[PDB]
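Results of the structural survey
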2 protein chains.
Amino acid sequence: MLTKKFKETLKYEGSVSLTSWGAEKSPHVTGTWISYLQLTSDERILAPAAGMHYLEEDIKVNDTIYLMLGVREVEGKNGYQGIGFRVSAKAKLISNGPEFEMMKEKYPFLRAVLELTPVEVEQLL
Amino acid sequence: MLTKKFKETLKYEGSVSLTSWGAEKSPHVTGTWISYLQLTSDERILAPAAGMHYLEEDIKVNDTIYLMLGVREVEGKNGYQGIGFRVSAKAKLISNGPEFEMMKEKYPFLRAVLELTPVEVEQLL
Ligand SMILES: Cc1cc2nc3c(=O)[nH]c(=O)nc-3n(C[C@H](O)[C@H](O)[C@H](O)COP(=O)(O)O)c2cc1C
Ligand SMILES: Cc1cc2nc3c(=O)[nH]c(=O)nc-3n(C[C@H](O)[C@H](O)[C@H](O)COP(=O)(O)O)c2cc1C
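A few points on the structure. (Residues numbered from 1 in each chain as written, not as in the entry; some residues may be left out. Chains lettered and ligands numbered in written order. Heavy atoms only, no water.)

The subject of this paragraph is the nonpolar core. Counting residues in hydrophobic clusters, the biggest one holds 27 residues, and the most contacted among them are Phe-6, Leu-18, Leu-67, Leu-69, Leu-114 and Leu-116 of chain A. Every element with two or more residues in this core is listed here: β1 (15-20), β4 (45-49), α2 (53-61), β5 (64-75), β6 (81-94) and β7 (112-123) of chain A. Once residues within four sequence positions are removed from consideration, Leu-114 of chain A is found in contact with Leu-18, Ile-45, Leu-46, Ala-47, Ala-49, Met-52, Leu-55, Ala-91, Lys-92 and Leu-93 of chain A. Counting residues in hydrophobic clusters, the runner-up holds 26 residues, among them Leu-67, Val-71, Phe-85 and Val-87 of chain B. (Core = buried A, V, L, I, M, F, W, Y, C linked by side-chain atoms within 4.5 Å. Buried < 20%, exposed > 50% of the residue type's maximum accessible area, 1.4 Å probe, protein only. Helix = DSSP H or I, 4+ residues; strand = E, 2+ residues; numbered from the N terminus. Contact = heavy atoms within 4.5 Å.)

What follows is the structure, encoded as structure tokens:
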């Protein structure tokens, strides 16, 4: 599901966009940092949730989000310097357990872990 | 509308996400680079559109979009290394005129210019 190139991107830094929708007429966009993402052995993507109020209300209605990220330092299609990804994922927020404990240690500011289950990965460059 | 800090971020490179909706069902997320963004004297934000076919279909119905970007290298609020913005904008695709011409010189791959009129700017860190 998560290619070698996707995994390579996660070694750099950049803005991650999280698009959610369903609780209001318009969608919401929430950010995180590539360096805050943690890959699990079953290739779930975890991020520290500090605020993410709107995204939480959206995913109570529609648990599908879009993640977008891109870095200049990874070679895209046709040697193009730069790569981007659009990931469709199912979202839930985790408030306890060993992964929460592991993330709470790295990111003391978090109230919950955002757990993303990738359902589709599109490499865009 | 566009602050000193926002203008400072546009010196760096990173992923820009553009969230659009209306052409029906779920939102779309499209990307560009901070290095492809150009500010006009009246503080419109221009980007080269090579693809953006689904955003194009959304804005015919709902011309409001959400741009998100962030860079680690800029100091945010309080004791924070990094800055992010969410910009709400009215969007239009431009096919000719002097701005098309200037963007086409810089970005010869574009078919059209995405013109964003900022209606709200939120500093998120
Ligand atoms: C690049 C970037 C990184 C961010 N990282 C996080 C983060 O890891 N966790 C978080 O809770 N908010 C983060 N934010 C802020 C979120 O976008 C969001 O505004 C905040 O969680 C409050 O969202 P809300 O208005 O829906 O409550 C980040 C913003 C940007 C632009
Ligand atoms: C970091 C990043 C930068 C991108 N830059 C552009 C760009 O400047 N113009 C563009 O048309 N597509 C760009 N793309 C790809 C778009 O997201 C989009 O998929 C593409 O235009 C193909 O048409 P579509 O929008 O209908 O999918 C970029 C992707 C990423 C991840």
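What follows covers helix α2 (residues 53-61) of chain B. All names here are of chain B. All of the buried residues in α2 are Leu-55, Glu-56, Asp-58 and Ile-59. Relative to the axis of α2, the buried residues are bounded by an arc of 165° and lie together on one face. Turned more than 90 degrees off the buried face of α2, the exposed positions are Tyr-54, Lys-60 and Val-61. Tucked into the core, α2 has its buried residues touching β1 (15-20), β2 (28-33), β5 (64-75), β6 (81-94) and β7 (112-123). (Arc of directions from axis to C-beta.)

Counting through the fold element by element, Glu-122 of chain A comes out in strand β7. Accessibility expressed as a relative area gives 29% for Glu-122 of chain A, which makes it partly exposed.

Read these as spatial facts, not as claims about activity.
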